[PDB]
Each structure stands twice: as C-alpha cells, then as structure tokens.
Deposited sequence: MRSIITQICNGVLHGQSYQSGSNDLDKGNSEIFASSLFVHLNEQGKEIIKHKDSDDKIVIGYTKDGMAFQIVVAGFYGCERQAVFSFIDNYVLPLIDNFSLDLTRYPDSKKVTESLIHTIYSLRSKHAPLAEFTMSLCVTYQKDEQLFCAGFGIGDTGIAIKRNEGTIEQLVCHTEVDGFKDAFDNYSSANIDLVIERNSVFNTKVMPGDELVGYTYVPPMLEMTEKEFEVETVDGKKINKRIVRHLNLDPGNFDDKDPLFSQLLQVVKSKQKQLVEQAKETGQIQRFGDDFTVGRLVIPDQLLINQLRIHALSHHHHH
C-alpha cells in the first residue's frame, strides 16, 4: 500500500487493554487506546469475548492525515470486517483527499465515497457488518481542512488549539434501527446518510481529533433529536464538553473521565450483589493535525517506501 500507517488496532483480546505508545514518524501525534468497559456480574456480584473494534491512523502519500474508527456488529465476523477495512477502505483515502481538494462540494464528494464503500462491501465483503466514521485532511486555498462522515454509533470530536471541543461526527441513534455498513442499511443509503453525520471544517496544526467507539452513555449529551418519515426518532449524541477543560489533550482527558466513571460503575455494580450486565468495547484514537514541515517529511518518507 502507499499510505503510511502510524497506528492500527485490530480488536483486542478479552481481558486485555492495548496502549499503542507514540510513533516517532509523526512526532507523537497519533495514538490508540483500547479497553473493554463490559461488566458482567453473577448473583454473588463476582466477575464472569474479543473486541470487534478497529482504528487505523496514518497519512496518505501526500502527507494528509486520516483516522478511521470501526465497530463490528458480530464476533464471528470480526476478521471479515478487519480485512474489509484494510483491502477496500484504506485504499480509497488518498483519492478522497485529492477529490476534496479538486471538487467544489465536499458534501457530494463524501456522499459519493459512502456509496462506493457500500458497493464494495456488497461486492466483496458480505460478512463485513460494521459502523464507521472517518476523516481525512486536504489542502485547498493554501489552508488545511478536514472532512469525513460517520454512519452509526462511533464518534469523532476535535479540541481546537484554543481549547474548545466540538463534535465533528456524532453518535447517531435511530429508533428501531442500527444504521451501519451492512446489507440491511444498503437498501436506502441516501436516507441513512441524511440522518447520520457528514462534515467539513477548517483545521490548524495542533488541533486534536479524537475518534471513539463506545463511551458510557451518561458522558454524552443530545445535541439534536428529530423525526424522520420512513415514523422514527433520530438522536445525535455528542461528547458532553462539560466534563473537560482546556489544558490537557482531549485524548488524555477522555481516557481519565471514562476510567473514573467506569470505576464508579463497577463499584456500584459489585455492591448491589446482583446480576449486572452492561458496557461495551472502548477504543479511542488520537490524531493531532500536522504542520507543513511534518507533512513534507511524510511525503518524502512515503516515496522511499
């Protein structure tokens, strides 16, 4: 492949966490963390399945940064999902960045990419059923932008250099549905796209993108609820920025806030001394937007292989 992958996590073994460390190639700008927040207690309140999440972070051959955040539906399909991302999604990213540069309407470019992903999934990976968000940088008018999307329940937030956190891709919930890259959702792709997230924004070097699968739901807030005709309620869920401040990286603070909450949940759960079951796979990725010097260094690195 031509893209530079600086961090990748293909699931994590039951009972284990994964901490990627930094990659010197991108000066510590990218990292992954992956832990299960699944809590499963017997009647006596004692503790009793591999992760299906995948994150990929890297840079195109042109130095443009991307993050892909994926959560598979079913354990027995995890390899099909993981393979589909490597074989079919990753190779699209360079041309997505180039098209975003070259065409006027980022929304049309992104929509077209989503249709293409659904097409390839149906032609080449029927067992790859998953939710996914992604984003890539691109250069236009001597500025740097970031565009992408999310279908399903994964999220991407950004903490800007001055400290404000905003949501780029929300966790979308649709009454009675599970919108995803799957056979079911592929019957009405444009409706799925309109009720999930597409984004395009200006970014500056040092702005920090944080992608995530599942967070404990009391850490989110409802940014919007709306009715969709096909008579269904859609909710867009954001990371509640009240749990964060301006000083530390958002990746750092998310892991802290989740850990502290999960500690409370596990303690509550044990002390009820009853059956409890809740939580899911938690995987988080960090991508700091590169400056022009690193972008150049990456382009050169990609040439030599």
Gaps vs the deposited sequence (1-based, no CA atoms) are 49 to 51, 234 to 240, 316 to 319
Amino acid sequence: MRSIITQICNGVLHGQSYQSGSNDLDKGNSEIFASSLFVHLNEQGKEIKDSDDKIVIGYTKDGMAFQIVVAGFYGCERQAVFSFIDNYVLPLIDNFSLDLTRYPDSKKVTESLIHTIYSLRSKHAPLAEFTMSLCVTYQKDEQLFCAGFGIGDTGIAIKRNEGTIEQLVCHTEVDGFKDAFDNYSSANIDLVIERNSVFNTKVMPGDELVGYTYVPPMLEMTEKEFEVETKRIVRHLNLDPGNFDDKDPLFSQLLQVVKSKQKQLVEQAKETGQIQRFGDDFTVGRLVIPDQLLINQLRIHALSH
From here on, numbers count along this sequence of modelled residues.
Quick check on the record: does 265 to 273 or 240 to 248 carry the larger mean Cα temperature factor? 265 to 273
Please compare 95 to 103 with 175 to 183 and say which has the higher mean C-alpha temperature factor in the record. 175 to 183
When you compare the CA B-factors of 39, 258, 69, 64 as listed in the entry, which one comes out on top? 39
For 129, 162, 86, 153, the deposited C-alpha B-factor is largest at 162
When the deposited Cα B-factors of this chain's modelled residues are ordered and cut into thirds, is residue 157 in the lowest, the middle or the highest one? lowest
What third of its chain's C-alpha B-factors does residue 15 belong to: lowest, middle or highest? highest
Of the three thirds of its chain by CA temperature factor, lowest, middle or highest, which one includes residue 230? highest
Ranked against its chain, the third holding the CA B-factor of residue 193: middle
Just say lowest, middle or highest third for the CA B-factor of residue 51 relative to the other modelled residues in its chain. middle
